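Just one chain follows, in the form deposited in one PDB entry, and it is written as structure tokens.
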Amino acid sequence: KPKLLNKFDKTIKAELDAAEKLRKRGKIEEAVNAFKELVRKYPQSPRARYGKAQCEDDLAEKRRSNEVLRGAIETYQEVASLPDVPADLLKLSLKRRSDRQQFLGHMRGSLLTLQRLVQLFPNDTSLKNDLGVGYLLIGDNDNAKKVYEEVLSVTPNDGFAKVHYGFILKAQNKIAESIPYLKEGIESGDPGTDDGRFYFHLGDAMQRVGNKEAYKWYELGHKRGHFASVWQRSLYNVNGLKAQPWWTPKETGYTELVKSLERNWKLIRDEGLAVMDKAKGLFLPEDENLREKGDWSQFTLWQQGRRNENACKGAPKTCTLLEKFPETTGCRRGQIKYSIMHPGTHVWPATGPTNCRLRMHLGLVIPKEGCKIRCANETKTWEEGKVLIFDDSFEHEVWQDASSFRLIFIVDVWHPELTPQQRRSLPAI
């Protein structure tokens, strides 16, 4: 039973309760006014202030307003800034402040609140876990790692901390070390461990280490609703999209884009070769830990539906050609990029992040042997001047064992069943 009333608030419990009921009945108009009256009347009351804040939070809900939620965020702050605040209320107010900052996208602010909460409550392990999430959300994996090490050193059986530690290890390429934490944290059944993010990476770590256990966990993750299937493990999905590893141009409906890519393939090729020759630094090494070995770099013209101006100065005719196809230049969950892969390269089995795109590959320079790509259970080969199309939300794997480089052009398109509105609204990836 949360203890939200300090000594003075116990003396006005009747007014506080009456006002809370108006909020719980959806009369945010009246509830805001009643809690406002209580804040004026009792400017030091934490519970009155928390009521005001909760109603501001709800008002930002209804009107869906960043200024509104920012006000509520200060009011949760205000609750914490009043005198004699009960510990349970202090924790609730600041936790919700951090959460609403995150929900809005103010990850830096959330982090500040979370550090404060841990200073105020040094024995609360769930707060420490929450702080680790804040660090992860700003991309500060080093600090996240220390936080979860501290949690485990005190509560080594904490499943939430186990999965998150294993996530960080896996992301750092500590594959084997990562496995027991992901497995044990999932197996804990603790709150926050039933997350597809941990099934995905536990299986992937196992595959990299040649431990056949991997698909067991994939199946479990699909049993608990996290994956579309065992073979299609993407996590930013729109359910109801046709799912097949390999597509024909006709099936995708983007027949005109395929035609343009194939009819004009030599211009695309030549511009990529010219960049390889005179501006090779524009090709950046793949940086998502997908390679077992080998050299693989990409020269990106579009990402998240934004043209890279410098890059397109290097492939101007190709960018001009592509500009006619908003299905790709506006695919905010895909890229348009040259990709060069050299002999001795093996890309681990891997999965893209979203089922909202299909991936086209146009062959530009393809050695006669040694290059291949598997999607799901089928392995295929590229052809110079020809487009392959696959759904990279399915497990896929690539090998390069030729005696010279392999150059392709990668053109991501919106999944064709996605509606115009979805294409305008889906967050960019």
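All residue numbers refer to positions in the sequence shown, first residue = 1.
Averaged over their C-alpha atoms, the temperature factors of 29 to 37 and 50 to 58 are higher for 29 to 37. In this crystal structure, the stretch out of 85 to 93 and 213 to 221 whose C-alpha atoms carry the higher mean B factor is 213 to 221. Within the selection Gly240, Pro343, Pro353, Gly305, the deposited Cα B-factor values reach their highest point at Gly240.
Per the PDB record, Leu69 has a higher Cα B-factor than any other of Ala402, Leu69, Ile366, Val387. Remark: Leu362 belongs to the lowest third of its chain, ranked by C-alpha B-factor as recorded. Ranked by C-alpha B-factor against the other modelled residues of its chain, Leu418 falls in the highest third. The entry lists a Cα temperature factor for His396 that places it in the lowest third of the chain's modelled residues. Ranked within its chain, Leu426 lands in the highest third, by CA B factor from the PDB record. Ranked by Cα temperature factor within the chain, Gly272 sits in the lowest third according to the deposited record.
What comes next is about the form deposited in another entry, which does not appear here.
Domain motion between this form and the one not shown: of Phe227, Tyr76, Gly166, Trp302, the residue positioned at the hinge between rigid parts is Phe227.
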